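Student:
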Amino acid sequence: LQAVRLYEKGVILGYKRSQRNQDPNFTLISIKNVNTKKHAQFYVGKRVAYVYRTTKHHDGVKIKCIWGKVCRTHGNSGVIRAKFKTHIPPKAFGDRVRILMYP
Amino acid sequence: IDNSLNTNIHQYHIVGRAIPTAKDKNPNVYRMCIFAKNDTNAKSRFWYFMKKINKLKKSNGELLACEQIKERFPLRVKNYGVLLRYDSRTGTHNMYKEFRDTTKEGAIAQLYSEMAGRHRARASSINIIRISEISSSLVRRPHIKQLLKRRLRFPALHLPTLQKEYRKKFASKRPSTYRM
Amino acid sequence: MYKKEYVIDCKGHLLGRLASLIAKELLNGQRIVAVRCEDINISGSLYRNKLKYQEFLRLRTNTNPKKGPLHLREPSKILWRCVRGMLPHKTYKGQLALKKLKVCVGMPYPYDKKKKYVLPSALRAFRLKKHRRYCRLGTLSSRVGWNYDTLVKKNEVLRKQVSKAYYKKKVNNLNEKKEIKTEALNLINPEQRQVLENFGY
Amino acid sequence: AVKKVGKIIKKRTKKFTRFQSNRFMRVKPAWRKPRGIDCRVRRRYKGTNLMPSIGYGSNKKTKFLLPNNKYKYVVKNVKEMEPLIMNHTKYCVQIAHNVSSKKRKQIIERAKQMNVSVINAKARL
Amino acid sequence: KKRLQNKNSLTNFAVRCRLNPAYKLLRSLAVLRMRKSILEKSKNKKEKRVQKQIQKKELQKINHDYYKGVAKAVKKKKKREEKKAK
Amino acid sequence: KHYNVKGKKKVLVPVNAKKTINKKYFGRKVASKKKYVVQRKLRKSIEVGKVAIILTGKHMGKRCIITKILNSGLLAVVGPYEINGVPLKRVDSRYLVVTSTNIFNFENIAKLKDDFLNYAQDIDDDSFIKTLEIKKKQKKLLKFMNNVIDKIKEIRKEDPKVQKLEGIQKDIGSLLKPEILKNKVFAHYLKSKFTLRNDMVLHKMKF
Amino acid sequence: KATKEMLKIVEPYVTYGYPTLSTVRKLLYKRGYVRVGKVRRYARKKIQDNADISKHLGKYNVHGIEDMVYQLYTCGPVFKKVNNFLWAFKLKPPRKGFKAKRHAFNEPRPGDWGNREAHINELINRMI
RNA sequence: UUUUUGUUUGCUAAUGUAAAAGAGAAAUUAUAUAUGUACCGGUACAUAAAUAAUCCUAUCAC
RNA sequence: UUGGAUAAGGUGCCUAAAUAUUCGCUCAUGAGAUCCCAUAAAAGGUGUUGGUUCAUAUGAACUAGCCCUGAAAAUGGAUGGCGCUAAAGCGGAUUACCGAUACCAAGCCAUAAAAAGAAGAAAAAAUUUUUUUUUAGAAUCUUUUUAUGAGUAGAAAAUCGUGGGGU
RNA sequence: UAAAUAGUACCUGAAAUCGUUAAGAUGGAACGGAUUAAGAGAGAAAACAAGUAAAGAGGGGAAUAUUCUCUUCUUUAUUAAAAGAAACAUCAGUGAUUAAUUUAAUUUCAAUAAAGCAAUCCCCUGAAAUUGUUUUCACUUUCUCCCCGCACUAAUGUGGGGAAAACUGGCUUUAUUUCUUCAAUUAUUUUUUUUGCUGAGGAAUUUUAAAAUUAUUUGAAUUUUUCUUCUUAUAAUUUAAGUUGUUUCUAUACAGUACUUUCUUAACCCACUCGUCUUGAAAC
Ligand SMILES: [Mg+2]
Ligand SMILES: [Mg+2]
Ligand SMILES: [Mg+2]
Ligand SMILES: [Mg+2]
Ligand SMILES: [Mg+2]
Ligand SMILES: [Mg+2]
Ligand SMILES: [Mg+2]
Ligand SMILES: [Mg+2]
Ligand SMILES: [Mg+2]
Ligand SMILES: [Mg+2]
Ligand SMILES: [Mg+2]
Ligand SMILES: [Mg+2]
Ligand SMILES: [Mg+2]
Ligand SMILES: [Mg+2]
Ligand SMILES: [Mg+2]
Ligand SMILES: [Mg+2]
Ligand SMILES: [Mg+2]
Ligand SMILES: [Mg+2]
C-alpha cells in the first residue's frame, strides 16, 4: 500500500435541478455506500474536494482542486447537495469527488 | 411507534343541540359516533348529518361535547360488520361489508380503501351507518369465516420488503423468492 | 456504480425495468456490459409482444426507409434501443452514456470470466405474479426474424460445461483453503485466535 | 455572477449587449432597449439577453470606486492636480489622453510629490 | 436608529428578559421543576391511582352508556328494516 | 472568567482587538469592542491519552496518541516519534478522529500517567509558533535544490524552541516506548496507518 | 358575527383556527413586528424593546409584549388597538408542507382551506 | 524490449484523458425451490436459503 | 443576489424527487394512465370483483367497479418518449421527498414616504515623541428607517450623446 | 521626401466583402442567455513591505554665497505593518438535523408473586326479553381426555360428536415498578446531538440607558433551590450594543504556469426571425 484513502468515494452528478432549470450553486453528490437520508446526514458537514487534472501546469503541477462543504442531504436516497467555493463545471458530471473525513 | 403504518382515522363521540329559542327553550340533544381523521372533521361530519336528518345547521346549534373514543382492547382481533350508504356515478346503494381488525378505526380505514379500490367510491360519497362487532357465529362473509378457522396456519408467500439500506440495485447472486 | 465495469447477467430480468436501471447508472457514469440478452423477459404474453413489435416494424419512414426507425432485432440490440429510449441521447452527455453501454448475446471473451451481477429490482421472479404471461425476448426476436437463436443456445450450452469444470476446481481450492485454515488456526497465538473467533473468521 | 473583491460588490461583470447584436453587424452591441411587440427580450423569456435594470446598481458607498478603492479623477494640467493634495487617498489621477509626453512626465512627477496614485503612468513610456 | 440584526427573542436570553421582565422567574421555576428526581414522581403515581378510581369508574359508566345507546339504535334500525321487509 | 446564561457556563478567554476599522465621519477605531471571547470547548471524546488518527497533514493516517489540550484550543499529539514517526505535533481537534482506545486504560502503561501529564504540562502553546526571524532566514535561501532543503532543515534544527520541543519529545519517548513495545499488537497498531477500504462504510463505523 | 360572515365570504382562500397561548406567544416573539410612526406612515419594526410599544399603547395600559400577548389570547378591552398595532404576520411556508390548498380541510380527501379550529396551531408551528 | 530525462519560416523537442486511489471478486439454476455428490431424467444423502448484511486483499519500512 | 421552506405538480428512466410504504381492483389477439385536452355512445358480456333482493349451497334475478365487445381512414407514430402488468395502470390511505421570479431571513439598487439634521480627536504603528490614515455638514444635500419594485398604448422625470453659440 | 502602406485611382482610409497566417471547433444550421471550466492573450493603478541605514544621480524650499531642511529616481540590506483568501474557533441571525424533557389532560397500559373468583365462564363482545336496570345462553384456551372416521389432515396430525381443566385469558384483591412497563395525542415547559448559509454597519453621547452575566453588599419572598427570585449599592464583562479573533498562504513577489481581466472554445440547462398590423405571429 503506497498512499492512503481517508475519504469516502463519490460521484459528482448534476446540479440541483428542476425538470429543466439548472441552479448551479449546488451540486448533487452520490456517496458510495450511503443509501438513505439518515446515513447521508452523517456526512453533512464534511468537506468535499473535486480534484482534477489539466494539461498545462499551474502552481508547477497538473492537478488542481475545488473545495466544497456538503451542505445538506438531498431526498431519501442518500444523495447529498454540496456547495463549492467556485461552482463546479458540468464537464465534471460523471466524475469522482473525494469527501474527506475532516471536521 | 410506527408512523409509516398508521391510518389516522379516529372515532369521535359528538354531542350537540339546536340553540334554545324562546319558543323551544329545552330542545333535543343528538349524539353520534363519527369516524373522522381529526376532531374538526368529525364536528363537520356531525353537522352535516344533523342537517341531513333534522332541521339543524351549525349556525343555529352548538356542540356540547366532542370526546374521542380510543379502542379499549386495541390488540384483540375482532370481526367488524359495517353498513354503508354510498353513491356511485349512476346512483345510490346500501351495502354491508365485514372486516377482521384490531379496532373500529382500523376497520374503517380498511373499508375506505376497499370502497375506493373495488367500487371507485371516494370518501366524500360514503356514509358509514353503524359498525358493530359480529361474534363469529353470525359472520356471513367467506373471507372472514376462513380466518375464524380453528388452528389457523399459512406460509409466507409475500416477497421481502428489504430496508432501503440493504436494497442495493446490483446483486452478487440471484435472490430467491422461495426462502423456505 | 463505483466499479469500473459492471457486467449484468440479463437472464431472468424484465426488459424495461432492467433498461431503466441501466440507464440511470450510465448517466451517472458507469460502463455496463449487459450480457446474455437472449434471455431477457418481457411482461406481456409472447403473441402480444410480437404484435407490439410488428406494429413498431410497420412504422418506417414513408419517403425513404434507409433513414427512419431502424428495426434492430437482435435481442441485445433491442435492449440497447430500449436503454437509449431512457437517455437524453441527443445531447453529448447522453451520447457518452449510450456509448458506455455494451450489450452481448450469450457471453464472450472477457465476460465469461468477469463476475456477473444481477439487478433484483428488475427480476421477473420478483416483479410478475406467477399466474401472469411473460415472454423470453430471444424467442420473440426469433419470431421477428433474428435467426441466430439456436446457435446462441448451443454456444451457451458449450460455455456451461466449461463453467462447471471451472467451478469444480474452484470448489476444490476453497475446500483446500478451509482445511489449511483449520490446520493453521491451531498454530497462531491463543489471544489472536480467540479474537478471530469472536469476529467470525 | 457577483464579483466580490473586498468590500466592492459588483453584481454583473458581463456587459448588457444589444439584443441580436450578435446576429447582424448593423446592430451594435451598445445596449438599446427593445421596444416593439413580440420582442422576447422585452417580455423577458428565459434564455434571452437580460435587460439592464436599476436592481443591478452598485452600493451607494462604493459606487464609482475602482479596484483601488479610489475615485478616478481625470487630469489635464498641473493646476488641476492641486484639488487632490487634500484627498490623495480617496482619488487617483488619470492623465488625459491628449496630454503631451513632456507634460505627462511633469504631471507624473507632481503626482509622486503628492503621493497620489496615477492609473496610467506608462503612457508614452 | 440604525437597524441592527433583530435579536431572536425566544432564545437570546437577554433580549427575552428585556421583552418580558417576569420571564426570568418563570424560567427559574421551570428549572426547579425539572430538577426534582424520579423517585418522588414514581411515588406520586400510586397516589394518583388511588385518587383516580372513582373517576375511572365514572368514565367507564359514561362510555358504557354511549355503547349501550349505540347498540339500542342499531337494534331499532334492524327492527325498522324487518318491518319494511314485511 | 465565565458566564452562565441559560445553564451553559461558557468560559471566557481574554482576546486582543487587532483590526482597526474606518470610523463614520472622523478617524479610525478598533473593530472589536468585545474583550473576552468564549473558549473553544472540545467534544466529549478528546481526552488526555487517546489514540487518534491525523487526517490531513504530511503524517496522513498515522495513528498518534494525544498529549496536551493546549489552552488555545487545538491540541498536542505524539506518535512517540521513535515508535511511529509522528513528532511532537500541534493539531486541531477537527483534523483528528480520536478513537475509543486509550493508552492509559492498558494495565501495563496506565501507571506511567503522572509523569506523562507533567511532561505535557511542560509543553506550551508558543513553543510551536515559529518566530519571524527564522522564517526570514529560511526565505533567504531562495536567492540549487537538495542543498536548499538541507539548509532549511538545518535552520529548523537551530531554533531554540524547536530544540526544546525535540528534547521534550525524546523524554516522552523514553518514558513511554518500552511498555508500548512490550504490548506488541498495540505497538503495531500505533505504527500502522489508518485506511478506509471497501467494506468500511464510514457512516456505520463507531471508531 | 360580522367577522364570521366576512370569513365565510373568504373561506376558500384562507385557513384559520383558534391559536392557543403558546403559539400566540411564539408568533409575537419570533414573528411579531409592529407599526411605528405617525398615522398612515408606519414602518414595520420588530419589537425587541418594550419602549417601541409602550409609546403607542401606553394610554390603554399595555406596556410590553406580554400584555399584548394576553390581550390577543383573550380578546380583552384593548384587543382591537393591539391587533392594529401588529403588522400582519409575514409567515414562512410550512416546513413539511400543505396537504392541498385547492380542497377544504373538512373534505374527506386531503385539503386546507377550512376552519381547522384547533389544528391551526400545528400549522403555525410548522410555518413559523 | 529495457533504461534515462522530459512534454513547466507556421512549427521542426514533446500531453492528453467523461473519469485510479483495493475502481478486488468468472458456477449454474429455479423462483410453489435450487445446487452438488454417488448410483440407475429417476433414487438416496449432503449443501445454500437478509445469498457482496459476504469473502478476498492491504500497513509487518529498509 | 445568497440561503431557507413551500406552491401547482410530481418522485422507474428521460427528469430534480419513492422501483417508498399500505389496502383493494384490473391482463386487454390494437390495456390504461391525471382539469382545460385534444374524443367515444346505445347495447351487450356464464370475464373477474364486490354487493342487493329473493327462493330452495345450489338456483334466480338484478346492481356497479375494473376489463372486454360495440371501436373503421387514408405519410409512420405517438399515456410526451422509452417502457410498465408483486405497475411505472385505475381508486384510496400513509409518510418522506423534489419543486418557482410566489413565501421567509439577510444583503445591495432605485422609488416613495418617514425620522432628523445649518463643530469634535479616534485608532494603530513605531520609539515620552514622531509617522500613518481620516478629523464630515454640498438642503433637488447628508445620515438613518420602513415599505414597495410586472407592464404594451400612453404620460412624466432624471440622465446620456451629436452640430453650433456666449461664458 | 520628414513620411511613398503620401506614388498622381495619391489626406484620413470605417463597414459590408475578400486574402494570408495562426489558434480553435466541426454527426442535418449557426449564433445566443445563465454557469463554470479549459485554453490563449493582455495586465500591477488594492492584488505585500511604509520607513531607517550606507552613497550615487538629480531637483526644490527656507535660514543669515552656504549652512540647514524637504524630497524623486537608482542602488546594496533592513525591519515593518496592512491587504485579501483560506482554515479553524467565538458570537449573532436564519435554517436543517436526532435525541429528548417538565407539569397537567385525555375510559391507556404492561409486567412482578403471593392470595383468590366463575366455567361457554369472565374484561369485553354478541343474539333475544325513551334511558337506566333485572334475567336468558352465546362467546375462552389447549402440546388435556373420550368416542366415531381409523391416518381419514395443508399441518409434527386431522373431519365430526362429546368431555376435562383453568396452565391460557379475564376479573377480584394485597403490596411492587431498573425483571419489564409507564403509550399515543394534545396542552404547558426546558434542553440537546451534529450542522449549512449570512456578517450589513462602524453610533462627537440612544453601541447610551436598561436587560443579561460574574464577583461582592442590604433587605424580603415560598417555587428551600451551586441558574431560587426580586432589590440597596459597587465594579467589571456579553448572552446587550448586526463578527471577532488565532494560524497559515499569497510572499520576503514586481508578473510566472499563481492572482485579476478579456477573448476563444467546450460542457449542463435554457433559448423560435426581428420589425409590424393583429383578439392572436416562430408562422404556411
Ligand atoms: Mg402581443
Ligand atoms: Mg402536496
Ligand atoms: Mg381555482
Ligand atoms: Mg432561492
Ligand atoms: Mg423541500
Ligand atoms: Mg432521478
Ligand atoms: Mg412516471
Ligand atoms: Mg416598472
Ligand atoms: Mg515630425
Ligand atoms: Mg498609413
Ligand atoms: Mg492634410
Ligand atoms: Mg489614401
Ligand atoms: Mg451530409
Ligand atoms: Mg387463572
Ligand atoms: Mg462589517
Ligand atoms: Mg429548448
Ligand atoms: Mg385577423
Ligand atoms: Mg413577430
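Taken in order, these protein sequences are the chains called A, C, D, B, S, L and X. For the first sequence, our numbering gives the first residue as 1, with consecutive numbering after it. For the second sequence, our numbering gives the first residue as 1001, with consecutive numbering after it. For the third sequence, our numbering gives the first residue as 2001, with consecutive numbering after it. For the fourth sequence, our numbering gives the first residue as 3001, with consecutive numbering after it. For the fifth sequence, our numbering gives the first residue as 4001, with consecutive numbering after it. For the sixth sequence, our numbering gives the first residue as 5001, with consecutive numbering after it. For the seventh sequence, our numbering gives the first residue as 6001, with consecutive numbering after it. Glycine is no exception: its CB is placed at the ideal position from the N, C-alpha and C atoms.
From this set, D:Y2111, D:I2042, D:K2066 and D:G2068, which residue's C-alpha is nearest D:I2078's C-alpha?
Tutor: Indexing the third sequence from 1 puts residue 2078 of chain D at position 78. Nearest C-alpha to D:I2078: D:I2042.
Student: Below 9 Å on C-beta distance, what does A:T36 contact in chain C?
Tutor: The residue you call residue 36 of chain A lines up with position 36 of the first sequence. The contacting residues are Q1163, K1164 and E1165.
Student: Per DSSP, which residues does C:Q1011 bridge with? Please list them.
Tutor: The count along the second sequence starts at 1 and reaches residue 1011 of chain C at position 11. For C:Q1011, which the question treats as bridged, DSSP gives the partners C:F1035 and C:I1069.
Student: Mind checking who C:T1092 pairs with in its DSSP beta bridge?
Tutor: The sequence position of residue 1092 of chain C within the second sequence is 92, counting from 1. Looking at the DSSP assignment, C:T1092 forms a beta bridge with C:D1087.
Student: Restricting to runs no shorter than 4 residues, where is the alpha helix (DSSP H) found entirely within the stretch 2017 to 2074 of chain D?
Tutor: Entirely contained in the stretch 2017 to 2074 of chain D, the alpha helix (DSSP H) runs reaching 4 residues are, in chain order, 2046 to 2058.
Student: Report the start-end ranges of each alpha helix (DSSP H) in the stretch 6046 to 6075 of chain X that is 4 residues or longer and not cut off at the edges.
Tutor: Runs of the alpha helix (DSSP H) inside the stretch 6046 to 6075 of chain X: 6051 to 6056 and 6064 to 6073.
Student: Counting Cβ pairs, one atom from each stretch, are 3 or more of them under 8 Å apart for the stretch 6078 to 6087 of chain X and the stretch 6024 to 6041 of chain X?
Tutor: Taking 8 Å as the limit for Cβ pairs, the verdict is that the stretch 6024 to 6041 of chain X does touch the stretch 6078 to 6087 of chain X.
Student: Examine ligand 2 and report whether any of its heavy atoms sits within less than 7 Å of the Cβ of A:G75.
Tutor: Here residue 75 of chain A refers to the residue found at position 75 when the first sequence is read from its first residue. A:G75 Cβ: outside cutoff for every heavy atom of ligand 2.
Student: Are the CB atoms of S:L4019 and X:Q6071 within a distance shorter than 8 Å?
Tutor: One-based indexing of the seventh sequence puts residue 6071 of chain X at position 71. One-based indexing of the fifth sequence puts residue 4019 of chain S at position 19. Against a cut-off of 8 Å, the Cβ pair of S:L4019 and X:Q6071 comes out as no contact.
Student: Quick one: Cα of L:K5006 to Cα of L:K5041, how far?
Tutor: As a first step, residue 5006 of chain L is located in the sixth sequence; it is residue number 6 there, counting from the start. As a first step, residue 5041 of chain L is located in the sixth sequence; it is residue number 41 there, counting from the start. Computed Cα separation, rounded: 17 Å.
Student: Do you know offhand how far A:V4's Cα is from A:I29's?
Tutor: On the first sequence, residue 4 of chain A is found 4 positions in, with the first residue counted as 1. On the first sequence, residue 29 of chain A is found 29 positions in, with the first residue counted as 1. So the alpha carbons of these two residues sit roughly 22 Å apart.
Student: Using the Cβ count rule (16 or more neighbours within 10 Å means buried), how would you classify A:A82?
Tutor: For this step, residue 82 of chain A is matched to residue 82 along the first sequence. When all chains shown are included, A:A82 counts as buried.
Student: Any beta carbon of chain A sitting closer than 8 Å to that of L:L5202?
Tutor: By one-based count along the sixth sequence, residue 5202 of chain L stands at place 202. Closer than 8 Å: yes.
Student: If contact is defined by three or more beta carbon pairs under 8 Å, each pair taking one atom from either stretch, is the stretch 3009 to 3019 of chain B in contact with the stretch 3039 to 3051 of chain B?
Tutor: Yes, the stretch 3039 to 3051 of chain B is in contact with the stretch 3009 to 3019 of chain B.
Student: Does the beta-carbon of B:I3037, which I'm using as the reference point, lie nearer than 7 Å to any heavy atom of ligand 1?
Tutor: The sequence position of residue 3037 of chain B within the fourth sequence is 37, counting from 1. Answer for B:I3037: yes, Cβ within range of ligand 1.
Student: Is it the case that the Cβ atoms of D:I2008 and D:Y2134 are separated by a distance below 8 Å?
Tutor: On the third sequence, residue 2008 of chain D is found 8 positions in, with the first residue counted as 1. On the third sequence, residue 2134 of chain D is found 134 positions in, with the first residue counted as 1. Taking 8 Å as the Cβ cut-off, D:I2008 and D:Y2134 do not qualify as a contacting pair.
Student: May I ask you to list, following chain order, the residues of the stretch 2001 to 2019 of chain D that have a beta carbon less than 9 Å from some beta carbon of chain A?
Tutor: Here the close residues are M2001 and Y2002.
Student: Measuring alpha carbon to alpha carbon, tell me which residue in D:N2189, D:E2074 and D:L2059 is nearest D:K2067.
Tutor: Locating residue 2067 of chain D in the third sequence gives position 67, counting from the first residue. Checked all of D:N2189, D:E2074 and D:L2059; the closest Cα to D:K2067 is D:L2059.
Student: For the beta strand (DSSP E) containing L:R5063, name the first residue and the last one.
Tutor: Here residue 5063 of chain L refers to the residue found at position 63 of the sixth sequence. It spans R5063 to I5069 - the beta strand (DSSP E) in which L:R5063 sits, taken as one unbroken run.
Student: List the endpoints of the continuous beta strand (DSSP E) containing D:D2009.
Tutor: For the purposes of this step, residue 2009 of chain D is identified with residue 9 of the third sequence, where counting begins at 1. Per DSSP, D:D2009 belongs to the beta strand (DSSP E) from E2005 to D2009.
Student: Taking just the CA atoms, how far does C:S1088 sit from A:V97?
Tutor: Counted from its first residue, the first sequence places residue 97 of chain A at position 97. Counted from its first residue, the second sequence places residue 1088 of chain C at position 88. The alpha-carbon atoms of A:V97 and C:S1088 are separated by roughly 57 Å.
Student: My understanding is that D:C2104 touches D:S2076, with C-beta atoms under 8 Å, so please give their C-beta distance in whole angstroms.
Tutor: Here residue 2104 of chain D refers to the residue found at position 104 when the third sequence is read from its first residue. Here residue 2076 of chain D refers to the residue found at position 76 when the third sequence is read from its first residue. 6 Å between Cβ atoms; contact.
Student: If you measure from the beta carbon of A:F93 to each beta carbon in chain D, is any gap under 8 Å?
Tutor: As a working mapping, residue 93 of chain A is identified with position 93 in the first sequence. Yes, A:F93 lies at the interface with chain D (some Cβ there is under 8 Å from its Cβ).
Student: Please list the terminal residues of the continuous beta strand (DSSP E) segment that includes B:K3103.
Tutor: Against the fourth sequence, residue 3103 of chain B aligns to sequence position 103. Counting along the chain, B:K3103 falls outside any beta strand (DSSP E), though it belongs to the alpha helix (DSSP H) covering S3101 to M3114.
Student: If you run the structure through DSSP and keep just helix, strand and coil, what is C:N1079?
Tutor: Along the second sequence, one-based indexing puts residue 1079 of chain C at 79. Correct three-state label for C:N1079: strand.
Student: With the cut-off set at 8 Å, would you say L:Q5169 and L:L5075 are in Cβ contact?
Tutor: Within the sixth sequence, the letter at position 169 stands for residue 5169 of chain L. Within the sixth sequence, the letter at position 75 stands for residue 5075 of chain L. No, Cβ-Cβ distance for L:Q5169 and L:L5075 is not below 8 Å.
Student: Which runs of the beta strand (DSSP E) fall wholly inside the stretch 5073 to 5105 of chain L and span at least 3 residues, in chain order?
Tutor: Counting whole runs of 3 or more residues, the stretch 5073 to 5105 of chain L contains the beta strand (DSSP E) stretches 5075 to 5079, 5086 to 5091 and 5096 to 5102.
Student: Mind checking which residues open and close the beta strand (DSSP E) that includes X:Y6033?
Tutor: As a position in the seventh sequence, residue 6033 of chain X is number 33, starting the count at 1. Element bounds for X:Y6033: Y6033 to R6035.
Student: Just to confirm the assignment, what range does the beta strand (DSSP E) spanning B:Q3094 have?
Tutor: In the fourth sequence, residue 3094 of chain B corresponds to position 94, counting from 1. Note, B:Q3094: beta strand (DSSP E), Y3091 to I3095.
Student: Can you tell me where the beta strand (DSSP E) holding A:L28 begins and where it ends?
Tutor: Within the first sequence, numbered from 1, the residue matching residue 28 of chain A stands at position 28. That run of the beta strand (DSSP E) goes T27 to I31.
Student: State the DSSP-derived secondary structure class of C:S1132, mapped to helix, strand or coil.
Tutor: Your numbering for residue 1132 of chain C matches position 132 in the second sequence. Looking at C:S1132 - three-state DSSP - the assignment turns out to be strand.
Student: Skipping 5 residues on each side, what residues in its chain have a beta carbon closer than 6 Å to that of L:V5013?
Tutor: Position 13 of the sixth sequence holds residue 5013 of chain L. These residues qualify, in order along the chain: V5037 and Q5039.
Student: What is the DSSP secondary structure of B:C3039, counted as helix, strand or coil?
Tutor: On the fourth sequence, position 39 is the one that residue 3039 of chain B refers to. Reduced to three states, the DSSP call for B:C3039 is coil.
Student: Would DSSP call S:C4017 helix, strand or coil?
Tutor: Counting from one through the fifth sequence, the residue named residue 4017 of chain S turns up at place 17. Of the three classes helix, strand and coil, the one that applies to S:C4017 here is helix, per DSSP.
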